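Novice: Quick one: the structure is below, and I'll ask about it shortly.
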Amino acid sequence: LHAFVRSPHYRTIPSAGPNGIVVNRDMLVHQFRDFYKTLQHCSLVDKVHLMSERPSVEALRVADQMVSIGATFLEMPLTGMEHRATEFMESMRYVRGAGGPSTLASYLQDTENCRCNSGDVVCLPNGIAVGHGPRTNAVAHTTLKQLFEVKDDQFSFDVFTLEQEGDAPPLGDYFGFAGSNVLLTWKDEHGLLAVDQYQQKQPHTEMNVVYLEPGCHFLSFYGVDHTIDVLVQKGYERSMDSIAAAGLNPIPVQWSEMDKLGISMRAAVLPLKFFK
Amino acid sequence: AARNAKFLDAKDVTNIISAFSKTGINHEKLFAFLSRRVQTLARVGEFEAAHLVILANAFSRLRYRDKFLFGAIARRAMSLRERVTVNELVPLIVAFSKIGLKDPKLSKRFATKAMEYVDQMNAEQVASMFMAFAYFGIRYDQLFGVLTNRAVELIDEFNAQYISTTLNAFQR
Amino acid sequence: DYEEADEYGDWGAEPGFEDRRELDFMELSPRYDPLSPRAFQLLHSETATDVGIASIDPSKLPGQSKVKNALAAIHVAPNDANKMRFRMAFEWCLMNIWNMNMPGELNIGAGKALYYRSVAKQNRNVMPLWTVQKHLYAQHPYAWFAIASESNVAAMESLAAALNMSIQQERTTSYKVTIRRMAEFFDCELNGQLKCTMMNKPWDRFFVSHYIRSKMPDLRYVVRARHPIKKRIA
RNA sequence: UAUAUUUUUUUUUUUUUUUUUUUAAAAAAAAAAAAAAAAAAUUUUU
Ligand SMILES: *O[C@H]1[C@@H](O)[C@H](n2cnc3c(N)ncnc32)O[C@@H]1COP(=O)(O)OP(=O)(O)OP(=O)(O)O
């Protein structure tokens with residue numbers, strides 16, 4: 001219910017990102033404030049906090065540090081992220097500013113060898129989903145099996161290891177989930193494979209599925225609260241109708257230039273749960 | 001506070017500024033950091049029409065001047081149109097006038113807003129904003145005229161305590 | 001807008017007094033920064049706010065026929081109090097600079113310390129030394145100016161003969177430059193041949209004292225040090 | 001050697017100079033200045 005974003009740096013923002021298309025420096029700053037307003041109105045997050053400015057544009061990815069599964073947190077392993085570890089320190093401050101340290105993922109960070117990324121782990125009603133691919137190992141799945149697992153008539157919690165190809169993007173990017181037994185999936189090979197893998201597991205779930213054209217960034221969170229809303233890029237129009245036909249209210253947001261930068265909804269915000 | 005003026009929300013920032021205003025310290029680094037943070041937060045609307053008065057009053061009483069901060073506060077107050085009532089508008093004018101060493105084109109716009117807030121205000125804010133406009137140093141013929149026109153109805157409410165300020169502002 | 005009674009400390013006994021570090025003679029507020037005095041101490045020759053104590057023999061007095069020593073409050077010469085405050089600050093500065101172990105330098109400059117009109121708070125004239133000391137240490141509405149005269153040169157040459165001064169360097173032409181930068185500041189002294197032979201940071205003002213006299217010549221005592229820098233970048 | 005910022009992208013009006021055309025006067029263009037206007041740029045390890 002706590003969401004963190006970082007404002008971009010105007011002086012050091014590079015044009016012509018790693019796709020061969022130039023970008024407009026002013027347009028990013030223009031769109032960011034409207035994104036902030038939409039995020040703070042869209043009723044999906046309780047609070048939004050504005051992180052300070054930093055030079056590196058790769059620091060605009062507020063996520064990929066620390067994932068919230070329940071009342072406790074999980075820091076990400078330090079593997080190839082050392083070059084920006086310093087700025088990671090700053091982020092934690094803002095978190096601790098209005099929240100506790102939870103478990104500090106001592107169990108996860110110090111798990112011998114670790115390869116985790118925020119987005120491979122997606123929560124679900126009485127379930128956890130881990131996208132076993134080129135980013136997550138089986139040791140992480142075993143650790144989550146040890147930690148977040150309970151089995152009983154009412155203490156029912158499950159973990160699903162989903163197989164994916166090497167070229168597939170992270171799990172939380174394409175196939176997501178929205179409340180009230182609605183499951184959003186891309187209409188590509190990766191999405192179909194993920195849907196089939198989920199269907200082979202726990203047939204009694206009875207999860208309706210809605211398809212979206214590939215290449216669409218969307219943000220949707222389970223949350224302790226129940227809400228019917230989704231954040232969708234203001235591009236492909238057919239996805240909005242496809243998801244609205246199922247009774248879910250869509251909300252459009254503009255991410256053309258930041259898409260050319262290569263920044264997704266999952267890494268644009270940092271969801272957190274704060275309790276007492 | 002000096003090393004923590006960066007990691008605060010709006011409410012904490014305004015509460016801390018209000019708390020430190022009354023003491024009388026003049027730590028320059030703390031005030032610079034808090035001014036930056038206020039400027040950063042005011043870029044995207046994050047201040048209700050109750051903390052701008054507190055921030056402006058605290059900075060004005062603290063005797064610290066900055067064109068950028070006061071410009072940002074004025075712009076944010078300008079964005080929240082029709083939300084600020086007269087009871088929440090006069091103190092902002094008083095605080096801005098107390099640091100009257102400023103430039104025009106700012107009181108020019110404040111003159112426009114004062115046009116429609118003259119009806120439902122009593123003699124106290126009348127005299128106070130009249131002294132404030134006098135200290136601004138700009139001749140507002142129409143604003144002074146309408147203030148004179150509306151002031152005579154509430155001549156009975158004059159307690160003779162603040163008659164001195166409204167008399168002295170004319171000499172000013 | 002558009003303490004003074006308690007400034008003299010007369011209307012009661014301030015609770016929790018005297019239980020503080022001996023920093024009464026200087027103003028200390030809680031890293032490198034140029035033009036930032038870390039300790040200010042205003043001084044004067046005609047006016048000194050310091051009383052003294054002395055011993056007496058009260059045996060004559062009707063009742064003190066059994067006590068041999070009794071102290072009484074006596075005023076003191078301003079110069080002695082100024083010297084006492086100066087040495088009290090100097091020992092503190094010596095201990096601090098020894099703890100830091102920076103290269104130590106001491107300067108005694110002749111010139112006028114001309115202040116600005118905005119120093120006088122409340123737009124008053126008469127005020128105690130304490131309030132003006134705090135105002136100078138906080139607002140810094142002052143500027144130091146160094147100036148001498150040529151006509152005294154021969155005169156102070158006599159002082160040389162009075163103090164057996166010896167010439168270690170004749171008249172030398174040097175090009176002082178301030179090699180600033182976007183991150184830090186630096187200085188250099190180009191020689192007559194026009195090359196850069198030293199690379200260093202600007203001086204760090206660690207302690208400043210203004211000794212104001214009645215007439216024109218005033219004295220400024222400065223303790224300054226230089227922070228170290230890796231010779232690779234130099 | 002205790003006063004930090006300077007301002008900037010773009011539109012309207014006025015003034016001055018130069019080249020060209022026509023009948024001392026008019027028009028387009030280039031340069032400069034002035035006024036106005038929309039919009040944008042700050043820099044901490046407990
Ligand atoms: O006292 C200063 C000042 O008069 C002048 N100076 C240096 N840097 C200055 C800046 N940035 N603005 C104005 N004035 C400046 O030069 C001296 C510096 O010392 P100097 O007179 O050269 O000699 P001294 O202090 O004895 O020893 P240095 O090592 O400082 O040279």
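Following the order of the structure tokens, first chain is A, next is B, and so on, with residues numbered from 1 inside each chain and ligands from 1 in the order they appear.
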If the cut-off is 10 Å, can you tell me the residues of chain D near chain B, counting only C-alpha atoms (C1' of nucleotides)? I'd like them as a ChimeraX atom specification.
Specialist: /D:42,44,46
Novice: Taking N, CA, C and O atoms (P, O5', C5', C4', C3', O3' and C1' of nucleotides) for each residue, export the selection above as a PDB file, in the first residue's frame.
Specialist:
```
ATOM      1  P     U D  42      18.921  22.772 -12.524  1.00  0.00           P
ATOM      2  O5'   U D  42      17.881  23.271 -11.424  1.00  0.00           O
ATOM      3  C5'   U D  42      17.997  22.868 -10.062  1.00  0.00           C
ATOM      4  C4'   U D  42      19.394  23.075  -9.524  1.00  0.00           C
ATOM      5  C3'   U D  42      19.724  22.285  -8.256  1.00  0.00           C
ATOM      6  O3'   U D  42      21.088  21.869  -8.286  1.00  0.00           O
ATOM      7  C1'   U D  42      20.011  24.593  -7.847  1.00  0.00           C
ATOM      8  P     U D  44      23.637  19.080  -2.060  1.00  0.00           P
ATOM      9  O5'   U D  44      25.008  18.595  -1.413  1.00  0.00           O
ATOM     10  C5'   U D  44      25.360  17.219  -1.395  1.00  0.00           C
ATOM     11  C4'   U D  44      25.867  16.807  -0.036  1.00  0.00           C
ATOM     12  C3'   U D  44      25.502  15.398   0.412  1.00  0.00           C
ATOM     13  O3'   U D  44      26.379  14.407  -0.101  1.00  0.00           O
ATOM     14  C1'   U D  44      24.987  16.923   2.138  1.00  0.00           C
ATOM     15  P     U D  46      25.217   9.916   6.394  1.00  0.00           P
ATOM     16  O5'   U D  46      25.582  11.166   7.321  1.00  0.00           O
ATOM     17  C5'   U D  46      26.521  11.069   8.393  1.00  0.00           C
ATOM     18  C4'   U D  46      26.063  10.106   9.460  1.00  0.00           C
ATOM     19  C3'   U D  46      24.740  10.454  10.141  1.00  0.00           C
ATOM     20  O3'   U D  46      24.020   9.252  10.412  1.00  0.00           O
ATOM     21  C1'   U D  46      26.435  10.251  11.765  1.00  0.00           C
TER      22        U D  46
END
```
Novice: Using only C-alpha atoms (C1' of nucleotides), which chain A residues lie at most 10 Å away from chain D, written as a ChimeraX atom specification?
Specialist: /A:10-11,26
Novice: Filtering to N, CA, C and O atoms, could you give me those residues as a JSON list (two decimals), in the first residue's frame?
Specialist:
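Once written, selection_8.json looks like this:
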```
[["chain", "number", "residue", "atom", "x", "y", "z"],
["A", 10, "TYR", "N", 17.18, 15.65, -15.19],
["A", 10, "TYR", "CA", 17.03, 16.33, -16.47],
["A", 10, "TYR", "C", 18.36, 16.57, -17.17],
["A", 10, "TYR", "O", 18.41, 16.57, -18.40],
["A", 11, "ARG", "N", 19.43, 16.79, -16.41],
["A", 11, "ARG", "CA", 20.71, 17.13, -17.03],
["A", 11, "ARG", "C", 21.39, 15.92, -17.65],
["A", 11, "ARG", "O", 22.02, 16.03, -18.71],
["A", 26, "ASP", "N", 12.47, 16.84, -22.42],
["A", 26, "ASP", "CA", 11.41, 17.57, -21.72],
["A", 26, "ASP", "C", 10.16, 16.72, -21.55],
["A", 26, "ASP", "O", 9.43, 16.89, -20.57]]
```
Novice: Select the residues contacting ligand 1 at a distance of at most 8 Å, based on only C-alpha atoms (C1' of nucleotides) and all ligand atoms, then format the selection as a ChimeraX atom specification.
Specialist: /C:107,145-146,176,178,187,202-203 /D:1
Novice: Determine, using only C-alpha atoms, which residues of chain B have any atom at most 8 Å from an atom of chain A, and tabulate each with its shortest atom pair and distance in Å to one decimal place, rows ordered by chain and then rising number, as a tab-separated table.
Specialist:
```
residue	atom	partner	partner_atom	distance
B:6	CA	A:52	CA	7.4
B:7	CA	A:94	CA	6.0
B:8	CA	A:97	CA	7.6
B:9	CA	A:49	CA	7.3
B:41	CA	A:50	CA	7.7
B:44	CA	A:33	CA	6.1
```
Novice: Can you list, as a PyMOL selection string, every residue of region 12-163 of chain B that DSSP puts in helix (DSSP H, G or I)?
Specialist: chain B and resi 12-23+28-43+51-62+67-79+86-97+107-114+123-136+141-151+153-155+163
Novice: Which chain D residues are at most 10 Å from chain C (counting only C-alpha atoms (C1' of nucleotides)), as a PyMOL selection string?
Specialist: chain D and resi 1-3+43
Novice: Between CA of residue 65 (chain B) and CA of residue 118 (chain B), what is the spacing in Å?
Specialist: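 Calculated distance between CA of residue 118 (chain B) and CA of residue 65 (chain B) is 28.7 Å.
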Novice: Could you tell me how far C1' of residue 27 (chain D) lies from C1' of residue 14 (chain D), in Å and to one decimal?
Specialist: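 Result for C1' of residue 27 (chain D) versus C1' of residue 14 (chain D): 18.2 Å, one decimal.
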Novice: With only C-alpha atoms counted and 12 Å as the cut-off, give the residues of chain B in contact with chain C, each with its shortest interatomic distance in Å and the pair that gives it, as CSV.
Specialist:
```
residue,atom,partner,partner_atom,distance
B:2,CA,C:30,CA,11.5
B:24,CA,C:3,CA,11.6
B:25,CA,C:138,CA,9.5
B:26,CA,C:138,CA,7.4
B:27,CA,C:138,CA,8.6
B:28,CA,C:138,CA,9.3
B:29,CA,C:30,CA,11.7
B:57,CA,C:1,CA,11.8
B:60,CA,C:1,CA,9.8
B:61,CA,C:1,CA,7.7
B:62,CA,C:1,CA,10.5
B:63,CA,C:1,CA,9.9
B:64,CA,C:139,CA,11.4
B:94,CA,C:2,CA,9.8
B:95,CA,C:2,CA,10.1
B:96,CA,C:2,CA,11.6
B:97,CA,C:2,CA,9.1
B:98,CA,C:2,CA,6.3
B:99,CA,C:2,CA,9.1
B:100,CA,C:2,CA,10.0
B:128,CA,C:2,CA,11.1
B:131,CA,C:2,CA,9.7
B:132,CA,C:2,CA,9.5
B:134,CA,C:2,CA,11.9
B:135,CA,C:2,CA,9.2
B:165,CA,C:2,CA,10.5
B:169,CA,C:2,CA,11.7
```
Novice: Calculate how many Å separate CA of residue 185 (chain A) from CA of residue 211 (chain A), rounding to one decimal.
Specialist: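 Computing it gives 5.1 Å between the two atoms.
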Novice: Tell me which protein, DNA and RNA residues are within 10 Å of residue 248 (chain A), counting only C-alpha atoms (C1' of nucleotides), leaving out same-chain ones fewer than 6 positions away, and put them as a list in words.
Specialist: residues 178, 179, 180, 182, 227, 228, 229, 230, 240, 241 and 242 of chain A
Novice: Output C-alpha atoms for every residue in the selection just made, as a CSV table (one decimal), in the first residue's frame.
Specialist:
```csv
chain,number,residue,atom,x,y,z
A,178,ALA,CA,-5.9,-8.6,-10.7
A,179,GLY,CA,-8.3,-9.2,-7.8
A,180,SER,CA,-11.6,-11.2,-8.0
A,182,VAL,CA,-9.2,-12.4,-13.0
A,227,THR,CA,-10.2,-3.2,-5.9
A,228,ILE,CA,-11.4,-3.4,-9.5
A,229,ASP,CA,-8.9,-1.3,-11.5
A,230,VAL,CA,-5.8,-1.7,-13.7
A,240,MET,CA,-8.7,-1.9,-22.8
A,241,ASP,CA,-11.9,-3.3,-24.3
A,242,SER,CA,-10.8,-6.9,-23.7
```
Novice: Let's see if you can do this: from backbone DSSP, list all strand (DSSP E) residues in region 81-167 of chain C, as a PyMOL selection string.
Specialist: chain C and resi 104-115+142-145
Novice: May I have the residues within 12 Å of residue 32 (chain D) as a PyMOL selection string, using only C-alpha atoms (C1' of nucleotides) and disregarding those fewer than 3 positions away in the same chain?
Specialist: chain D and resi 15-18
Novice: Residues as selected, N, CA and C atoms (P, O5', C5', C4', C3', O3' and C1' of nucleotides), written as a PDB file, in the first residue's frame, can you do that?
Specialist:
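What landed in result.pdb:
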```
ATOM      1  P     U D  15       8.136  52.394 -34.040  1.00  0.00           P
ATOM      2  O5'   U D  15       9.612  52.535 -33.458  1.00  0.00           O
ATOM      3  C5'   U D  15       9.937  53.564 -32.534  1.00  0.00           C
ATOM      4  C4'   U D  15      11.369  53.471 -32.068  1.00  0.00           C
ATOM      5  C3'   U D  15      12.431  53.441 -33.156  1.00  0.00           C
ATOM      6  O3'   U D  15      12.723  54.719 -33.692  1.00  0.00           O
ATOM      7  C1'   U D  15      12.901  51.768 -31.559  1.00  0.00           C
ATOM      8  P     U D  16      13.266  54.850 -35.199  1.00  0.00           P
ATOM      9  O5'   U D  16      14.768  54.323 -35.118  1.00  0.00           O
ATOM     10  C5'   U D  16      15.751  55.038 -34.384  1.00  0.00           C
ATOM     11  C4'   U D  16      17.078  54.320 -34.371  1.00  0.00           C
ATOM     12  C3'   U D  16      17.665  53.957 -35.727  1.00  0.00           C
ATOM     13  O3'   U D  16      18.301  55.046 -36.374  1.00  0.00           O
ATOM     14  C1'   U D  16      17.824  52.099 -34.282  1.00  0.00           C
ATOM     15  P     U D  17      18.368  55.099 -37.980  1.00  0.00           P
ATOM     16  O5'   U D  17      19.451  53.994 -38.365  1.00  0.00           O
ATOM     17  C5'   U D  17      20.825  54.183 -38.057  1.00  0.00           C
ATOM     18  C4'   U D  17      21.652  52.963 -38.386  1.00  0.00           C
ATOM     19  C3'   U D  17      21.622  52.493 -39.832  1.00  0.00           C
ATOM     20  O3'   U D  17      22.471  53.243 -40.683  1.00  0.00           O
ATOM     21  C1'   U D  17      21.344  50.638 -38.397  1.00  0.00           C
ATOM     22  P     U D  18      22.152  53.350 -42.256  1.00  0.00           P
ATOM     23  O5'   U D  18      22.439  51.885 -42.815  1.00  0.00           O
ATOM     24  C5'   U D  18      23.760  51.366 -42.861  1.00  0.00           C
ATOM     25  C4'   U D  18      23.792  49.969 -43.433  1.00  0.00           C
ATOM     26  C3'   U D  18      23.123  49.786 -44.787  1.00  0.00           C
ATOM     27  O3'   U D  18      23.938  50.196 -45.870  1.00  0.00           O
ATOM     28  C1'   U D  18      22.425  48.065 -43.330  1.00  0.00           C
TER      29        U D  18
END
```
Novice: Find the residues around region 112-121 of chain C up to 12 Å (only C-alpha atoms (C1' of nucleotides) counted), leave out those fewer than 2 positions away in its own chain, and share them as number ranges by chain.
Specialist: C: 42-43, 109-110, 123-128, 131-148, 208-221; D: 1-3
